[PDB]
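Numbers 9 to 30, 90 to 204, taken from the entry's author numbering, label the letters of the sequence shown in order. Heads up, the beta-carbon is just placed ideally off N, CA and C, and yes, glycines get one too. Here is the structure we will look at.
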Amino acid sequence: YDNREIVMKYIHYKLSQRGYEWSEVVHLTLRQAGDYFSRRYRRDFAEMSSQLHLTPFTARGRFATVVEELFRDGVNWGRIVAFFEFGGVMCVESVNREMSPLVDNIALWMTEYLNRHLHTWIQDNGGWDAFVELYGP
Ligand SMILES: CC(C)c1ccccc1[C@@H]1CCCN1C1CC2(CCN(c3ccc(C(=O)NS(=O)(=O)c4ccc(NC[C@H]5CC[C@](C)(O)CC5)c([N+](=O)[O-])c4)c(Oc4cnc5[nH]ccc5c4)c3)CC2)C1
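Now the structure itself:
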């Protein structure tokens, strides 16, 4: 599995579901799990998107501080889904705040963090295939 195209296809979906235009069960599983998670934490996500205050030279710091605080006490599948949902929120806010080019950079950050800081736990927990067996259709 290529973590890059997982990020690209998820980000493309999250932006297309908002009106912006930017091997498959994993993408559908991440889609369903992320949509349910964003619905369950709608108030927390509304407060998060309101207090983001995205600027070109603060987006990476806000992204990092939330990601490391999310994975500070370990990794699980739910925190990975929240990681994906958080990236989608940051891409939507980037498009929302006259900063569409930021989407590309965000996609490179997610890919990098997946390839360098989550690939070990994922492989040591059955990989993305185990993610689809547990919470996928
Ligand atoms: C806005 C905010 C919320 C936020 C977002 C992003 C980053 C930071 C934040 C904020 C900023 C500061 C604080 N911070 C929040 C604090 C925080 C709260 C949340 N918290 C966590 C951490 C772990 C779990 C936890 O249960 N994990 S699990 O057991 O591995 C796991 C269990 C079930 C599933 N799927 C079941 C499936 C779903 C699809 C269906 C319906 O079709 C079929 C059934 C998955 N799964 O991967 O799909 C993994 C959790 O609960 C759920 C409950 N159900 C979920 N369903 C999808 C994800 C998911 C997560 C919340 C992590 C810590 C994040």
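Taking Cβ positions, are residue i and residue j nearer each other than 8 Å?
| i | j | result |
| --- | --- | --- |
| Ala174 | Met16 | yes |
| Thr96 | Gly203 | yes |
| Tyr180 | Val134 | yes |
| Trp188 | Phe130 | no |
| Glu160 | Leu121 | yes |
| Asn192 | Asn11 | no |
Verify the contact flag: residue i, CB atom, against every heavy atom of ligand 1, threshold strictly below 7 Å.
| i | result |
| --- | --- |
| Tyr21 | no |
| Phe112 | yes |
| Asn143 | yes |
| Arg146 | yes |
| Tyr202 | yes |
| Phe153 | yes |
| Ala131 | no |
| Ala100 | yes |
| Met177 | no |
| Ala174 | no |
Please report the straight-line C-alpha distance between residue i and residue j, rounded to a whole angstrom.
| i | j | result |
| --- | --- | --- |
| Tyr28 | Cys158 | 10 Å |
| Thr178 | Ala126 | 16 Å |
| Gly155 | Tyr21 | 9 Å |
| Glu152 | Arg106 | 11 Å |
| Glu136 | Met166 | 25 Å |
| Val199 | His94 | 9 Å |
| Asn143 | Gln190 | 12 Å |
| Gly101 | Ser117 | 19 Å |
| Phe112 | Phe104 | 10 Å |
| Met115 | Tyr108 | 10 Å |
| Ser90 | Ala197 | 13 Å |
| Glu13 | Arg98 | 14 Å |
| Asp171 | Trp30 | 9 Å |
Using only CA atoms, which one of the options lies nearest to residue i?
| i | options | result |
| --- | --- | --- |
| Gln25 | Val162, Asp196 and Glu91 | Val162 |
| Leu169 | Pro123, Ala100 and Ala113 | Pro123 |
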